[PDB]
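Next comes just one chain, in structure tokens: the form deposited in one PDB entry.
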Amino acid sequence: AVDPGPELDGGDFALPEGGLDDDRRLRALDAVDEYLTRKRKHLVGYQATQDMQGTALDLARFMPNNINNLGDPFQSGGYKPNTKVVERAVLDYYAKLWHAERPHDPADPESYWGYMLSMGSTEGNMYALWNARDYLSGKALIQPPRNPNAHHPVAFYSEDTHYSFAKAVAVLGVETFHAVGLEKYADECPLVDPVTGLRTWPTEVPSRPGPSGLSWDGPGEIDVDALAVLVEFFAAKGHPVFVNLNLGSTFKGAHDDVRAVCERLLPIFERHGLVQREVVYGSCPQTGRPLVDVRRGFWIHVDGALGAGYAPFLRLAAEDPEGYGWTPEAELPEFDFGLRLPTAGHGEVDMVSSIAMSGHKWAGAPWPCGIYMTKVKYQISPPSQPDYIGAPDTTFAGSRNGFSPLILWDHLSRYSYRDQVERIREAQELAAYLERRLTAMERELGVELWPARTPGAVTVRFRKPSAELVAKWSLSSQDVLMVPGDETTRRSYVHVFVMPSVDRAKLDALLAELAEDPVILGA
């Protein structure tokens, strides 16, 4: 099989007490560059854009600055070397793209609020679930200028949800429907397990079945029917509800049908008094009663780590296909802050409470970054009031990366909407091309590759090749059990993500190597 090339050797990097001379330092940095350069040119297995030569030329000049966007993006604060003016421009652009109300205005509850992340979307998902936990549990909101389960939120998300949510749930102590089901409602699961036929609580909301009848070969989209049954169960018990929906899922690149979910859940929320409800937020200032305000009892979060970066552009083309000269083959669901639905008796309800996106995914960046966005009306009173930063502590991070706003600003400034439509068009068409070539390879060589692509996704999955090929092309791997609870049914998959830095020549080079790979051939 192929050569992935040398790894870095730890001996070259050991840092002695006396320091390293300039020659040893440069040799080491050159080894890093040679390694990273070879790997970045061949990476096709992760949802991370690899080409930003232009941003490097333009933004290298900023590396001498210790930039810190400490505090809320909407006030400078005392740390003057900051890029909050740039950060606000990037936030504004995405607020427009996601049909949020702009400008940000602390006096307008419907207006957007958001900030740029210093980790990746893990930060945005953690923040979302923190914000939701406190909002749904009755903690105090930010300053303007009988039911025992009312304060016990329950989280719902599909089996294709990223591991950051399992992490966030544990960090924040938000209980999933699975945990609450087992603890409080052990024999009352409303779903029958398709393998066993028993009413056992599933660990996550089922995703849609594939040809097998099971989720492993399905599209990776949440089963809306299953979600609605589960949400109804807990809403009827009096619990407020947190739902995460994946817009570009980690392995399959699937898009949960956010509009279908919202249409199906709104009447459930209305029936069970979760559209508008009174909430006690601590005891009353002196005498032993409570205070009360009015809140919704549900929170829909869209994990658009990947997909919030391209879905607006695909949807633009879908709305005017002759203008963009492209009809996307798959429909991507309405998902953003513009999604508004009628009710029986509360008027139009704006359905989505928050969105996360990663900048190092579709746009590309040299480090993790991204955006969390919500609305003013959801903002929680900050944990404390630090004088020393001069700006409110409204964010998950303390010190914040102020170079990432420059990265994304530079990116966004170089492309029109039409250019952004072209980038998602080419990726969609090249993903379809890859799937076609993989099935043609199965016919030419008489090998099984198990190729699969969810319509509208920018990723294609297929049988895992040799370890050396996986290492050369940074293929991401996932094992599946074709029948849950049986380790004899394991299949090993990889996938390829067709990002804007992946072109036809790169895919053709990979395909030529797959065709001669010893695992692929010697099956």
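Throughout, rigid core stands for the largest set of C-alpha atoms superposing within 1.5 Å between the two forms. Sequential numbering from 1, following the sequence displayed. Only residues modelled in both forms are compared.
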| item | value |
| --- | --- |
| Other entries lacking residue 145, at least a third | yes |
| Unmodelled stretch of the deposited sequence separating residue 145 from residue 146, binned as none, 1 to 3, 4 to 9 or 10 or more | 10 or more |
| 173 to 181 or 115 to 123, whichever carries the higher mean Cα B-factor | 173 to 181 |
| 480 to 488 set against 41 to 49, stretch whose average Cα temperature factor tops the other in the entry | 480 to 488 |
| Most elevated Cα B-factor in the entry, residues 207, 83, 164, 283 | 283 |
| Top Cα B factor in the deposited entry, candidates 380, 430, 214, 424 | 380 |
| B-factor third for the C-alpha atom of residue 416 within its chain | middle |
| Where the record places residue 203 (Cα B-factor, split into thirds across the chain) | middle |
| Residue 290 CA temperature factor, ranked by third within the chain | highest |
| Position of residue 131 among the chain's modelled residues by C-alpha B-factor, lowest, middle or highest third | middle |
| Within-chain third of residue 466 by Cα B-factor, per the entry | middle |
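One more form of this protein, deposited in another entry, exists but is not displayed; see below.
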property	result
Of 228, 380, 376, 389, the one whose Cα moves 2 Å or more between the shown form and the other one after core superposition	389
Post core alignment: residue 440 C-alpha displaced by 2 Å or more between the shown form and the other one	no
Residue shift check between the shown form and the other one, rigid core fit, residue 347 Cα at least 2 Å	no
Core superposition between the shown form and the other one, C-alpha change of residue 166 at least 2 Å	no
Closer or farther: C-alpha pair residue 391/residue 291 in the other entry, relative to this form, given a change of 3 Å or more	closer
Closer or farther in the other entry: C-alpha pair residue 385, residue 91 (3 angstroms or more)	farther
After core alignment, residue runs (3 or more) whose Cα moves 2 Å or more between the shown form and the other one	284 to 288, 383 to 391
